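Undergrad: Enclosed are the sequence and the experimentally obtained structure.
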Amino acid sequence: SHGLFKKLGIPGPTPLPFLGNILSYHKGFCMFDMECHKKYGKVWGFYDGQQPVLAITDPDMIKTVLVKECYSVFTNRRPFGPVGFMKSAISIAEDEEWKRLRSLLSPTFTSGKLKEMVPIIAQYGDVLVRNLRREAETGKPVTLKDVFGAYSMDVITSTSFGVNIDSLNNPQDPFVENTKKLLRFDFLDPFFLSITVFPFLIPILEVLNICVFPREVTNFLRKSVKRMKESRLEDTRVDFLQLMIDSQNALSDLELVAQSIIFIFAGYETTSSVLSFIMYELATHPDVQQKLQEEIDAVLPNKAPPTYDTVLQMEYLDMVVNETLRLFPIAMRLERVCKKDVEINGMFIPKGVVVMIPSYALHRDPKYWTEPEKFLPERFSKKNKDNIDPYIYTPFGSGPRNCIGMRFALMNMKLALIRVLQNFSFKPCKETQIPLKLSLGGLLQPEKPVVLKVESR
Ligand SMILES: CC(C)c1nc(CN(C)C(=O)N[C@@H](C(=O)N[C@@H](CC[C@H](Cc2ccccc2)NC(=O)OCc2cccnc2)Cc2ccccc2)C(C)C)cs1
Ligand code: HEM
């Protein structure tokens, strides 16, 4: 079992029994990957408990697994712990289950729908500005994540469901309260450490109704969507929620609820985390913040409201987003379960091996980015933009299994950026941690919440 990579002549760190190389994650897995690539070259192997994982860095080899051989050999991700009814969520579904969900849902995020989401989010822009404006009157430091989370919460419920929930006016509110508790994939937590290591356990927890998602959070989330469904049943916009009732003429009751959670989570978690990273970056590189404010002000003269089209006009904003995602790619790795023995670009890979693309590492590889640790948007300009491999920069993954809400995360993040910047400026203070330190566990977050001060323009 543990001799796989030795017998295939692939480098790697030497693994202990039972544990695999799991202990090397103590320094966080993004750093572990760094060390590895650096130590072992272009390809290397390790063991997550008894699980072989092959890291891969060749840009072609990557396009092969992500784009060409996806449907036939690398279709799935790693199965991960007790999930229960959430076993049908799109991000977790496999093979045949997945293809349908992927096409049943993909039509949620087309131009027409995206354009149609603008004016609803336009309402939640103001409430954000107006909210932050009060902190600019109180004049004491701000938890970006808090207030961006609220914004995030507001926009996902209202678009994917058509049901306003007024989160921003609620410093206290059950929706966010529960959605943040939904999954902390933390190794300090013996639980995740132990399932991840000893997976022979997972089927047992599945019979005992235990789940990685607290029974609590999921109870409140099932009931909410249970209800949001029957709200619509009362009235007489084809959206996420709609599209799925329309399928109820093959997507079942619980199936319908499970997509919502994924969406809700994605919508809430990702969006707010990234926006906090960017505002940190802007406020620690003031030149860029002014540059961005000028661009915005030039495209949206005298605080004029952002629209679908103006947003895509904003080239620097895009450079700013892209560079922050380079530095902080919130999925730190991409992964695909190899389901049949196969040979990709001069390499055999046996059935069952998890193939793994260390995004965080590839993003910081001093072999593809001059001064890779530094925040430099100009690397994303038209001028320098073509010199950038689409299989090295993978913040939304790639191929058929790539991020389904990319275009919606982006439009939405920018919408919020614009509206903030065209009213406020942001500055470091005494509790603002410099430079930033990622936390060690599953999620890519800062170990201390993002706090900045806000001046009113
Ligand atoms: C110790 C070793 C095995 C580990 N490696 C990792 C890193 N890793 C593979 C992860 O991505 N972590 C976890 C994870 O969040 N990914 C899985 C888990 C499904 C999880 C569903 C979920 C999550 C939280 C709460 C409720 C439901 N993912 C999910 O739906 O993601 C929403 C999302 C996130 C980012 C961008 N777009 C969408 C799927 C996924 C991963 C990356 C991007 C998109 C989907 C699981 C593997 C447990 C964690 S533990
Ligand atoms: C900036 C915010 C976001 C980042 C950085 C991001 C990143 C990703 C990445 C890298 C993947 C994996 C691609 C792959 O595995 O090849 C992913 C998967 C996915 N994302 Fe996004 N995402 C973001 C926002 C969203 C939003 C807003 C939604 C939905 C509303 C979303 C829904 C999904 C789903 C459902 C999957 C699994 C796709 C599948 O297996 O078919 N994520 N996310």
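TA: Sure thing, it's come through. Numbers count the residues shown, from 1 in each chain. Ligands and ions are numbered 1, 2, ... in the order given.
Undergrad: So in the protein, which helix runs the longest?
TA: Looking across the chain with DSSP state H, the single longest helix is helix 253-284.
Undergrad: Would you mind naming what in the stretch 251-400 of the chain lies close to ligand 2?
TA: When proximity is defined as C-beta under 6 Å from any ligand atom, the stretch 251-400 of the chain approaches ligand 2 at 262-263, 266-267, 270-271, 274, 330-331, 334, 395-398. Backbone N, C-alpha and C define where each C-beta goes, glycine included.
Undergrad: check contacts around the residue of the stretch 351-457 of the chain found nearest ligand 2.
TA: Per C-beta to the nearest ligand atom, residue 397 is where the stretch 351-457 of the chain lies closest to ligand 2, at 2.1 Å. Counting by C-beta atoms under 8 Å, 6 or more residues apart in numbering, residue 397 makes contact with 66, 331, 334, 403.
Undergrad: so it sits in a strand?
TA: No - according to DSSP: H, G, I helix; E, B strand; the rest coil, residue 397 belongs to no strand; its state is coil.
Undergrad: Quick check: the gap between it and residue 74.
TA: 12 Å (C-beta to C-beta, to the nearest Å).
Undergrad: Please apply the same query to residue 94.
TA: From residue 94 to residue 74 the distance is 12 Å (C-beta to C-beta).
Undergrad: hey, what's in contact with both of residue 397 and residue 74?
TA: When contacts are counted by C-beta under 8 Å, 6+ apart, residue 397 and residue 74 are jointly contacted by residue 66.
Undergrad: all strands of the stretch 1-150 of the chain, in order?
TA: Along the stretch 1-150 of the chain, counting by DSSP state E, counting those that start in this stretch, strands occupy 43-48, 51-56, 74-76, 142-143.
Undergrad: What helices and strands are in contact with the last one?
TA: Contacts defined by 3 or more C-beta pairs under 8 Å, 6 or more residues apart in numbering; DSSP states H and E place strand 142-143 against strand 451-456.
Undergrad: May I have the strands that pair with the strand it packs on, each with its orientation?
TA: Its sheet considered, strand 451-456 pairs with strand 142-143 (antiparallel), strand 424-427 (antiparallel) by DSSP bridges.
Undergrad: Which positions within the last one qualify as buried?
TA: Neighbour-count burial for strand 424-427, with 16 or more other C-beta atoms under 10 Å as criterion, is recorded at 424-426.
Undergrad: For the spatially closest residue to residue 74 that is not a sequence neighbour, list the residues it contacts.
TA: In space, and not counting its chain neighbours, residue 74 is closest to residue 336: 3.6 Å by C-beta to C-beta, 6 or more residues apart in numbering. Going by C-beta under 8 Å, 6+ apart, residue 336 touches 65-66, 70, 74-77, 354-355, 401.
Undergrad: Noted, bye for now.
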